[PDB]
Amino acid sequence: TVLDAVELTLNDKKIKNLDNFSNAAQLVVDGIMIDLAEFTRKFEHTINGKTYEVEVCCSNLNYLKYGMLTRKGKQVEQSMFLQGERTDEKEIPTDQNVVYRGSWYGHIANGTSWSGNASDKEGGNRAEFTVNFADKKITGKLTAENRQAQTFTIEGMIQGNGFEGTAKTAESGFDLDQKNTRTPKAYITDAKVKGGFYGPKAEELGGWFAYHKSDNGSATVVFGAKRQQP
């Protein structure tokens, strides 16, 4: 409290608020509780007869967890989730040039689809943000696994312990495949980003978006990052 807790469903690109126990490490889905306790961890859990597959990040985050939730049985449904305990508004820094580094899970489509899971490796899904608290501005970029150019450009404004803004692909679109010839591209010109700063003194930040547009493409993303030393 206050606690962001969201699930993003991949099939219909929707965002739902989850019930919670004021605990980022406790995922409360379908009335039951899953403990999210190197970098990422992957596991299965059955409770009440229901089987869940969970991939969660990150070992180095203490106030924020994000990842993939797969409900299996008769129907395999895929979701992303993010949970974080917001930093008290009075504890929000006023510094400029604060760098946060982390990763993201993404699913991007337009006809055909691309997906990528969080990573702490060079060449993996990576996220980087620069927060200018005094300007109340956050900017950042998400880069897809095994891609040279950044994938999403993020810009937002900070209000209290949260931020909101936009995520967009390159103007020429995101190549869904690296086999180029004609290659399918996704164009995300206007995705609405929502996020927060988590933990004491905003040591962590995270956010999410779920976007779809005809003739352009769709994207479902959760990301998280940790404040870096100078």
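Note that residue numbering follows the sequence shown and begins at 1.
- Count the deposited residues lacking coordinates between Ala37 and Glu38 and you get 1 to 3 of them.
- Going from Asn180 to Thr181, you skip over 1 to 3 residues of the deposited sequence that the entry leaves unmodelled.
- Checked against the record, the higher mean CA B factor of 133-141 and 81-89 lies with 81-89.
- In this crystal structure, the stretch out of 68-76 and 103-111 whose C-alpha atoms carry the higher mean B factor is 68-76.
- Note on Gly165, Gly196, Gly199, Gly49: the highest value goes to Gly49, judged by CA B factor as recorded.
- Across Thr153, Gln96, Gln148, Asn125, the greatest Cα temperature factor reported in the deposited entry is at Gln148.
- In the PDB entry, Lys192 places in the lowest third of its chain by CA B-factor.
- Among the modelled residues of its chain, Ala5 has a C-alpha B-factor that falls in the middle third, as given in the PDB entry.
- Among all modelled residues in this chain, the alpha-carbon of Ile32 has a temperature factor (C-alpha) in the highest third.
- The PDB entry assigns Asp175 a C-alpha temperature factor belonging to the middle third of its chain's modelled residues.
- In the deposited entry, the Cα temperature factor of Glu204 sits in the bottom third of values across the chain's modelled residues.
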